[PDB]
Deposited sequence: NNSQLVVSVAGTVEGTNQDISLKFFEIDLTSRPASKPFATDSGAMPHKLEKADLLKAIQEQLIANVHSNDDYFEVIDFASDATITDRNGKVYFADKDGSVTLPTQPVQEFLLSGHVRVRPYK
């Protein structure tokens, strides 16, 4: 169908070494009415945030997504790493239709 971003990241509680588990989903990429091929740091994070509060079980609590950890990358099947611009935007190729992966850690702080 259409290119998509496989979001497979984990959380790390700020100021600590403890990691938190986060559900991995997919984001579709298009022209414009789901996200643009030109991703926004802030958009990606809230997507992860929404998802987070939507998957809160009995054990896992509410956490606020703050930013991306230093190991976060978006890559393609050739292992190529795409880098964000001065404004935090990440522009991925429109062709061919393909898959990109967003993996790594997300800095989160507990909601309290």
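No C-alpha positions are given for the deposited-sequence stretch 34 to 43, and it is the only one.
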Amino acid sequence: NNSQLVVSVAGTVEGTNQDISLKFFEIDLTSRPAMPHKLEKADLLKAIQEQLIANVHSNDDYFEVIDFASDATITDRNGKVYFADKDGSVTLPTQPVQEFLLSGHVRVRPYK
From here on, numbers count along this sequence of modelled residues.
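Once the C-alpha B-factors are averaged per stretch, 51 to 59 and 72 to 80 rank with 51 to 59 first.
Checked against the record, the higher mean CA B factor of 98 to 106 and 10 to 18 lies with 98 to 106. Among the modelled residues of its chain, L29 has a C-alpha B-factor that falls in the highest third, as given in the PDB entry. In the deposited entry, the Cα temperature factor of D87 sits in the top third of values across the chain's modelled residues.
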